[PDB]
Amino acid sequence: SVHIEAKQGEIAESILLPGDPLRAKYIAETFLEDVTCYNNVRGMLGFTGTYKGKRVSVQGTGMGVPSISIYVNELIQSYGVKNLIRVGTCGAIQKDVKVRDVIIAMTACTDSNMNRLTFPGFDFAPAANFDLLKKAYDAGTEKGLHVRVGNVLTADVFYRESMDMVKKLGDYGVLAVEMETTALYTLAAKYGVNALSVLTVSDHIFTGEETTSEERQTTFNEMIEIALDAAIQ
């Protein structure tokens, strides 16, 4: 496809979608066997391998609705991908949500215009595939993770002049901010395929708490495992 140089059939029907292509590489190296790298266009690494005997892929998406939308469109339309699980990070809005929690997004709010353009006059609420959601939730619960299922904000702007609205969203139960889910969920719905976002809380927007990769790496691995565990079902 335009942004993915894979040959037909090289991408598995189940795919994990980290924002960071280097995390795709990490996931492939850490969890998968019989790995090949099928894409390095724009450095947006994608890999296919085998996990517990099942083929799976992992494809970076970049950050933001427009970037992930490119990849998701191509994966679905050009590569026949059926199950797409974003494995990402997010920033907690509320004190009640803690760093290293895993958030499974039921739905996402957004400041993107993408859905307003598609559905003028409507608020489109992008919805996770419940099957996948339940699988991931059950896997996370069994794995002993702190799993929160709820609402997230898919933001176009990481750096907002005022966080007032973000705070307000937090007061309405929105758990965390991230930059992809609206697009993933909307496009998956458009094409009748199955999507989920499983997120690790990496930072707390208002408390300032931040983490490096390694500082959330055990939790991150466990999260990847549940995203993979859900995927291979």
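We number the residues from 1 along the sequence you see.
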Checklist entry - Averaged over C-alpha atoms, is the B-factor higher for 102-110 or for 154-162 in this PDB entry? => result 154-162
Next on the checklist: Going by the mean C-alpha B-factor recorded in the entry, which is higher: 224-232 or 4-12?
Outcome noted: 224-232
Checklist entry - Going by the deposited entry, which of 73, 94, 83, 89 has the highest CA temperature factor? => result 94
Checklist outcome for this item: Entry record, C-alpha B-factors for 39, 202, 194, 67; the maximum is at 202
Next on the checklist: Looking at the temperature factor on the CA atom of residue 172, which third of the chain's modelled residues does it land in?
Outcome noted: middle
Item to check | residue 115 CA temperature factor, ranked by third within the chain | outcome: lowest
Next on the checklist: Sorting by Cα B-factor within the chain, modelled residues only, which third would residue 35 end up in: lowest, middle or highest?
Outcome noted: highest
Checklist entry - Would the CA B-factor of residue 185 place it in the lowest, middle or highest third of its chain? => result lowest
Item to check | Lowest, middle or highest third - CA B-factor, residue 43 | outcome: middle
